[PDB]
Amino acid sequence: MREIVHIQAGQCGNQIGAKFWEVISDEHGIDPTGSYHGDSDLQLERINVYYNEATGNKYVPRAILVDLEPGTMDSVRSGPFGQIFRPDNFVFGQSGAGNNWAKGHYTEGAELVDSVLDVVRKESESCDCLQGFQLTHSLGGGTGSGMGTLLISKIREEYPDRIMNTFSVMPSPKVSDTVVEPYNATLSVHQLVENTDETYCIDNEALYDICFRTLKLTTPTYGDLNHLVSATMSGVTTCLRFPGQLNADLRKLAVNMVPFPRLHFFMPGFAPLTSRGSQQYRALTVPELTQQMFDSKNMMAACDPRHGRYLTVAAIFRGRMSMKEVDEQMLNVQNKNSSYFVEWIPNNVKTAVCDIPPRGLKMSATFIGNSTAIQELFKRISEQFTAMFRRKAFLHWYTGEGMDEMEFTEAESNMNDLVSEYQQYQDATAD
Amino acid sequence: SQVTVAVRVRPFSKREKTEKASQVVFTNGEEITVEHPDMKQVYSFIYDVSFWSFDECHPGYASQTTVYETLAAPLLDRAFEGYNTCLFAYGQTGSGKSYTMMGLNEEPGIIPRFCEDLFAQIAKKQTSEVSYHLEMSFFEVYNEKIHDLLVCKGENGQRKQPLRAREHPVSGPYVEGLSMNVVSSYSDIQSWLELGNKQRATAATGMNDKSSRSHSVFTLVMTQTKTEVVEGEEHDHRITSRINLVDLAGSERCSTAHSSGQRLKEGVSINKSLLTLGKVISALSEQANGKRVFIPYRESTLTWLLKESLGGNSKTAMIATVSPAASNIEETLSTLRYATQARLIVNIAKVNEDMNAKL
Amino acid sequence: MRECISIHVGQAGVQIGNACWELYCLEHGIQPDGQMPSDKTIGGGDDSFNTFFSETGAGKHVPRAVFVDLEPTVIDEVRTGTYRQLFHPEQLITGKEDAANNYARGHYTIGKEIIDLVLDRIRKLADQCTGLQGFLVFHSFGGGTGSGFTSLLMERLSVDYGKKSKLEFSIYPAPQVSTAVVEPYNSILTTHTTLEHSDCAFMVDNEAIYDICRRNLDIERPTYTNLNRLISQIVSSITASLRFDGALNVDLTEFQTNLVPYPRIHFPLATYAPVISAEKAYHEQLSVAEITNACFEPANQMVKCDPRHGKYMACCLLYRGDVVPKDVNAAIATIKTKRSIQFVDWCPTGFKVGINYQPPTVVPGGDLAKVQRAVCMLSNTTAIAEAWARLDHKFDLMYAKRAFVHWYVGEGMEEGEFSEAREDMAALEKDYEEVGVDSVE
Ligand SMILES: CC(=O)O[C@H]1C(=O)[C@@]2(C)[C@H]([C@H](OC(=O)c3ccccc3)[C@]3(O)C[C@H](OC(=O)[C@H](O)[C@@H](NC(=O)c4ccccc4)c4ccccc4)C(C)=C1C3(C)C)[C@]1(OC(C)=O)CO[C@@H]1C[C@@H]2O
Ligand SMILES: Nc1nc2c(ncn2[C@@H]2O[C@H](COP(=O)(O)OP(=O)(O)OP(=O)(O)O)[C@@H](O)[C@H]2O)c(=O)[nH]1
Ligand SMILES: Nc1nc2c(ncn2[C@@H]2O[C@H](COP(=O)(O)OP(=O)(O)O)[C@@H](O)[C@H]2O)c(=O)[nH]1
Ligand SMILES: Nc1ncnc2c1ncn2[C@@H]1O[C@H](COP(=O)(O)OP(=O)(O)O)[C@@H](O)[C@H]1O
Ligand SMILES: [Mg+2]
């Protein structure tokens, strides 16, 4: 049986974790105590993909929470669904990172990581088989970046045959919530592309626009954005959790979507997102979802793909539907929009279907894309990066904890090489 | 800015001739043809160079000295011009490889002629005004981990020290904490290689009791100190040069020999490195055709530690040691299909737009 | 007695079996609990026809089929579906992991450690039969399981059993439609191996069944079950020669003897003419002439391949129901009289006829309709080379950049295998191009 571990770092990963478990518990029928109140026997056949078992059928989860400041943990524990997580997994320390990547990878994070490894080996060896792990962090701060990347490196050095899938809230163009975002993000990308099998980039401005235009909300707090991210996490891994007609797994996605090992940074998306007063005036069918998915103002990548070409696509559907409509509509996407796709691959699309949809919708769909356009993110960060490195603005807070000016240059050159690697497959060259 | 691929078809061994297996590898002069013993399908192969060593009396013989004067001496001549140089080597166990690079005491290979011409031209070109310095490093790659072959480990068991790759911004990438010993005479080089090969990773699978499971790089670095100002003793322009010769392992296919263990984990990484290396060579050959293209170097370790020696104003070369028999046919074509990567002029189209060369 | 072992590999095969065994158990009066009220009413008779089923003392019957996926999302449905009391519990959920759509996982890393159980169970099935054998492997291209595990199983069964007919009712990829992007590589590496060990592998393509089910059955939002019941009817029309009685029987050997002239061209197509609904079931006579003119009619073939681009090397025709052979003679005379249906110079006979006595059945909740006669055609042509050529084009456009290979060497394969399979694939495309030539003195 396939089994997953959820590592959960930083002031962004833990709120996401709270929402993610508040969503999966409701899809598997669990209460804040642990008990089961479901309605169908399919709803616990594969609960072990995310959960464990207990004595009185309390169905405890698998989760490893790796913050350095106890604030987020003490906000989660005294919360709605923060009564089930195994209190031997509320790992923390003191003397927080301070939006510094050096205080999460080199000096302080090493005074906490060995405990986290001892927890990970426990949560792993008690699984029958393993399929991969997870990690929700941000890029822009210290804990989620540094501690998360160090855990990535060490875990992949331990269990390399298994999968490591990271859902990352990358920074935004306009309004940064931190001043040292580019440095941290770049030093992390130097350690993510090498030591990861699939990373799904996420941004907040795209989520703000997706919550303002589509859903026509007026007061979007982070609950609603993490609600969207959880809805994506959840439909990325239905194929392991419920029956289907053409099943799948995370390895299929990491294989078909990754032609070469570096270019695995993906644009995610979810459908049907509609306003709370406007579901009266729509038809829940397949082509409308396919239209809403490839649309640019629904993707969480802060990046119009129409600036570039699609390399490979993965569409995970949910609901009692027909496969002919799926294949036909994906063909019409491959055909009518050829300039937005790649030619040295004929078929830039695959599919997946589960016949057990979400709690209140007939059908749903989830989208993952590997594009050339995502370089616009990295191309921004580097342009943000070097202007600060050319004059060494905030350097000494990184050299006062065991670094040099060389590693920053390594990270910059790697990111720029990746930009060039993505550009190699963009310009419309005819033989 | 080249690939300069080459082959070498050895002559039959003694065991094979007593057992009397069949000759199947032939030659249409430069182009090669091979004929599966089932009379069914013929396969053709072309390379820029083809070496024949099967029977002496045939013209176009490929001796060891022919190999030197045809492949190696240009690398030396371009090293003296101040550029860098690399050389490769491929062959499954038994295809006559160690006899080609290293040679034997009475039958030299390629290495000794290279080093001896090096010393000769040193003692010729050198003056009271100019000098030459020369250092060596010799390391290996196992499961994409770097290891140094030029050291003795402790009395402990397998406590091999894995080193780290680091990108300098100007001088290019390098390995951290690598021994860089000095040499002046071949008696030192043979000693160092003999300390090396005895430490290399070897195992016993179904083919032979002694095989190679790790890549092995032999780097020399040379310095021209022609730095003499007219006003007085002051240095203008040293020139550094990086010569490289690498012995690569074979791409064992895991079907006839079940691996079931660590040997599989070695084979897979070995396969990966070879694929990436062929991919790089094809891209460099295309770059030599005036077509700008990407050169993936960070996708593997052996390339990332050899970036500056296969690009720009550098020079490269490959040699492929295969077998003539039929009992080693399946592992033979895999070499040749791995060494087709020149693709010089094969059905290139043509589109052009150029006008307004006037008022 | 006779017997035919039916194997299913992967999702495709398991779902096709969920349909095929529904049809089979409907034909022999069997109930989903294995029992038979019919023998409770009679007390005798071979109605529990044993070409596929095996008997016990409790009036119970067991199928002579196993199925394996390395993907337990499927088989647990059977174990907790309508047909759990029937099958032997020995169904291989060994799928601690999926095959990831790479031949290398199905052929070496996860292919190994799951095949010895399958061989032992096949041997236990075969030692319970004092008669014929035939491995009907319902598998798939594209995927890693149906490619790898299939190639390994047929390779080992070439050794352990040898001179026994092995067939495959495959699922050939559509040229435009697909649900996977590492699809062609697996197909090529499967053909390269199973060009030897197999004897005759049939082919279908889901694009053709989509078009056939919207054009004729008149249903516009179909699932995969409504595609699979048609294949189940194909299989039943084949095997009724052994199960039931008639006037001319065509066992499993006759297909591999009358449609496989050269060994390396054992890749035919198939079709099933009456696919009409209850509405169109009226307003139509349904004679043998209409069918035999409809089986050779494009847009009712089960693969997207214009036969008119090529020629028909051979043809088998397997009928069911009220058939007068005179009408068959007239129909084949008509088909030969036409000029848009070519034939090789070296096969004037061409046809192999087989006639049964039972009609088909009608599955409830289906789309097909009750009729008094049904037909299957199995044709061996020089047309599908074109289809293969498209594959052997796509491969190249993906292979020149070494895309999707690191995932293949990451599970133990070599680069050269790709080159060896493509080179071997070229040797077949010339054969389909060689026989089409008309001889000259
Ligand atoms: C017509 C109807 O059925 O009511 C819908 C509804 O009207 C809408 C507005 C729902 C609603 O979603 C939101 O309120 C929302 C608003 C902003 C941002 C994120 C969510 C809904 O609340 C959400 C809720 O959907 C679910 O509950 C899913 O199971 C979702 N889980 C949760 O929402 C959830 C439940 C308890 C605790 C935490 C989260 C889910 C998604 C993926 C996988 C598993 C579960 C449903 C049906 C609706 C309401 C209730 C209005 C939609 O929900 C999603 C994410 O698809 C928004 O568009 C869909 C469908 C509808 O448009
Ligand atoms: N006709 C038909 N084809 C199917 C059915 N189910 C799956 N397929 C085909 O199977 C192909 C993908 O199947 P696979 O990749 O082999 O999935 P699998 O059988 O579980 O094998 P693995 O994924 O490798 O484990 C698709 O292209 C489908 O067209 C079915 O029920 N009927
Ligand atoms: N999407 C989302 N992002 C968040 C949330 N909380 C914080 N962030 C992001 O996290 C970044 C700050 O990094 P932080 O979590 O403090 O890093 P840490 O201090 O190492 O844990 C900012 O860019 C925020 O936009 C949240 O609830 N949702
Ligand atoms: N051109 C050649 N002249 C003489 N002997 C050769 C030649 N090519 C190959 N051989 C013989 O082949 C054998 C190869 O030995 P071995 O070390 O197994 O080769 P490899 O380096 O491929 O493992 C040597 O004993 C050598 O004498
Ligand atoms: Mg599968």
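Here Cβ is always computed from backbone atoms with ideal geometry, including for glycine, and neighbour counts include all displayed protein chains. Nothing in this text is a laboratory measurement; each read-out follows from the coordinates by a stated rule.
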List the residues, sorted by chain then number, that are 5 or more residues from B:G109 or on another chain and whose placed amide H is less than 5 Å from its amide H.
B:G103, B:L104
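How many Å³ per residue does the convex hull of the Cα positions in segment A:374-431 occupy?
Working: hull volume 5.1 nm³, N = 58.
Cα-based convex hull of segment A:374-431, divided per residue, equals 88 Å³.
Take every residue in peptide A:408-421, count the Cβ atoms of other chains within 10 Å of its Cβ, and give the average of those counts. Show your work: numbers first, answer last.
Numbers: counts 0, 3, 6, 1, 1, 3, 2, 0, 0, 5, 1, 0, 3, 5.
The mean count of partner-chain Cβ atoms within 10 Å per residue comes to 2.
Taking every residue in C:396-409, how many Cβ atoms of other protein chains lie within 10 Å of its Cβ, on average? Could the numbers behind the result be given before it?
Numbers: counts 1, 4, 5, 0, 3, 8, 8, 7, 7, 7, 11, 7, 3, 12.
Per residue, the average neighbour count from other chains is 6.
Determine the dipole magnitude for the protein assembly as shown: charges of +1 sit on the beta-carbon of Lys and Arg, -1 on that of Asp and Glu, nothing else is charged, the reference point is the Cα centre, and the result goes in debye to the nearest 20.
On the way: 116 positive and 153 negative charges, 289 e Å.
Taking the Cα centre of the protein assembly as shown as origin, the dipole is about 1380 debye.
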Compute the semi-axes of the equivalent ellipsoid of segment C:20-119, taking the square root of 5 times each eigenvalue of the Cα gyration tensor, and list them largest first in whole Å.
33, 13, 11
The longest stretch of chain C containing none of the chymotrypsin sites (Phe, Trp or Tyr not before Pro) that sit in a DSSP loop with at most 16 other Cβ atoms within 10 Å is C:1-160
Order A:206-214, A:37-45, B:265-273 from most to least packed using the mean count of other Cβ atoms within 10 Å.
B:265-273, A:206-214, A:37-45
Give the cross-link partners of B:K350 among the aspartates and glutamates, using a straight C-alpha distance below 20 Å as the criterion and excluding same-chain residues fewer than 8 apart.
A:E343, A:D427, A:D431, B:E286
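Structure shown: which of C:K163/C:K430; C:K304/C:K394; A:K350/B:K279; B:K210/B:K265; C:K166/C:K430 lie over 21 Å apart, alpha-carbon to alpha-carbon? Each step should come with its number before you reach the end.
Numbers: C:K163/C:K430 28 Å; C:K304/C:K394 17 Å; A:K350/B:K279 27 Å; B:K210/B:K265 18 Å; C:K166/C:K430 25 Å.
Result: C:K163/C:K430; A:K350/B:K279; C:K166/C:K430 exceed 21 Å.
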Rounded, prolate or oblate for segment B:1-122? Axes are the square roots of the Cα gyration tensor eigenvalues, ordered a ≥ b ≥ c, and the cut-off for rounded is a/c under 1.5.
prolate
Compare the Cα positions of A:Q426, A:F389, A:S413 along the charge dipole of segment A:374-431 (+1 at Cβ of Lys, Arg; -1 at Cβ of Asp, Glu; about the Cα centre) and return the one farthest towards the positive end.
A:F389
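Summing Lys, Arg as +1 and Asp, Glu as -1, what charge do residues with Cβ under 14 Å from the Cβ of C:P222 carry, C:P222 excluded? Walk me through the numbers on the way to the answer.
Numbers: positive: A:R320, A:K324, C:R214, C:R215, C:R221, C:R229; negative: A:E325, A:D327, A:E328, C:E207, C:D211, C:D218, C:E220, C:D367.
Around C:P222, the surrounding residues sum to -2.
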Taking square-rooted eigenvalues a ≥ b ≥ c of the alpha carbon gyration tensor, is segment C:1-268 rounded, prolate or oblate, where a/c under 1.5 means rounded and, failing that, a/b exceeding b/c means prolate?
rounded
By the gyration tensor of its Cα atoms, with a ≥ b ≥ c the square roots of the eigenvalues, what is the shape of segment C:232-313: rounded for a/c under 1.5, prolate for a/b over b/c, or oblate?
oblate
Rounded to one decimal in nm, the spacing of the 7 Å Cα→Cβ label points at B:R166 and C:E55 is 8.2
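May I ask you to work out the translational diffusion coefficient for segment C:392-441 at 37 °C, viscosity 0.692 mPa s, via Stokes-Einstein with Rh from the Kirkwood sum over Cα pairs, reported in whole µm²/s?
On the way: Rh = 12.9 Å.
D = 254 µm²/s.
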Whole-number value, in Å³ per residue, for the convex hull of the alpha carbons of segment A:1-259 is 146
Restricting things to alpha carbons, tell me how big segment A:48-105 is in terms of Rg and Dmax, in Å.
14.0, 44
Per the rule of 0.36 nm per residue minus the C-alpha distance, extending C:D47 to C:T349 adds in nm 105.1 nm
Summing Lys, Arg as +1 and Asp, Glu as -1, what charge do residues with Cβ under 13 Å from the Cβ of C:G59 carry, C:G59 excluded?
-2
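Note down the Stokes-Einstein diffusion coefficient of segment C:269-383 in µm²/s, whole number, using a Kirkwood radius over alpha carbon pairs, 10 °C, and 1.306 mPa s.
Values: Rh = 14.9 Å.
The Stokes-Einstein estimate is 107 µm²/s.
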Just name one of C:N102, C:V435, C:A273: the one whose Cα is farthest towards the positive end of the charge dipole of chain C (beta-carbon charges, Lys/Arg +1, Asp/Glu -1).
C:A273
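Could you list the square roots of 5 times each eigenvalue of the Cα gyration tensor of segment A:260-373, that is, the equivalent ellipsoid semi-axes, sorted largest first and rounded to whole Å?
Working: eigenvalues 118, 50, 36 Å².
Computed over segment A:260-373, the values are 24, 16, 13 Å.
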Working from the alpha-carbon coordinates of chain B, get Rg over Rh, Rh being the Kirkwood radius.
0.99
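Test of the criteria: in segment B:30-65, which GluC sites (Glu not before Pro) are in a DSSP loop and have at most 16 other Cβ atoms within 10 angstrom of their Cβ?
Those that pass, being in a loop and sparsely packed, are B:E30, B:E56.
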The exposure ranking of B:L336, C:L318, fewest beta-carbon neighbours within 10 Å first, is B:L336, C:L318
The set of residues whose placed amide H lies less than 5 Å from the amide H of C:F343, leaving out same-chain residues fewer than 5 positions away, is C:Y312
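Could you work out the mean count of beta carbons from other protein chains within 10 Å of each residue's beta carbon in C:222-228?
Details: counts 4, 8, 6, 1, 2, 2, 0.
Taking all residues of C:222-228 together, the mean is 3.
Listed highest first by mean packing, meaning other Cβ atoms within 10 Å per residue, what order do A:74-80, B:338-344 come in?
Values: A:74-80: 13.7, B:338-344: 17.7.
Ranking, from highest mean packing down: B:338-344, A:74-80.
Please give the charge dipole size of segment C:384-441, origin at the Cα centre, charges +1 on K and R Cβ atoms and -1 on D and E Cβ atoms. Round to the nearest 20 debye.
Details: 6 positive and 16 negative charges, 106 e Å.
Charge dipole of segment C:384-441: 520 debye, to the nearest 20.
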In a Gaussian network model over chain A where Cα atoms closer than 10 Å are linked, find which of A:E407, A:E181, A:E205 has the largest mean-square fluctuation.
A:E407
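Using helices alone, I'd like the mean residue ellipticity at 222 nm for chain A: each DSSP H run of four-plus residues gives -39500 (n - 2.57), total over residue count, nearest 500.
Working: 14 runs with 156 residues, N = 431.
The helix contribution divided over chain A gives -11000 deg cm²/dmol.
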Residue-count net charge about A:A54 - beta-carbon cut-off 15 Å; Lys, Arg +1, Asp, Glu -1
-1
Residue order, fewest to most surrounding Cβ atoms within 10 angstrom, among A:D67, C:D392:
C:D392, A:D67
Among all the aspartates and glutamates, which ones have a C-alpha under 17 Å from A:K336's C-alpha, if same-chain residues fewer than 8 places away are not counted?
A:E288, A:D295, A:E325, A:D327, A:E328
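Assigning unit charges at the beta carbon (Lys, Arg +1; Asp, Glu -1) and nothing else, what dipole magnitude in debye, to the nearest 20, does chain A show about its Cα centre? Please list the in-between numbers first.
Numbers: 37 positive and 53 negative charges, 252 e Å.
For chain A, the charge dipole is close to 1220 debye.
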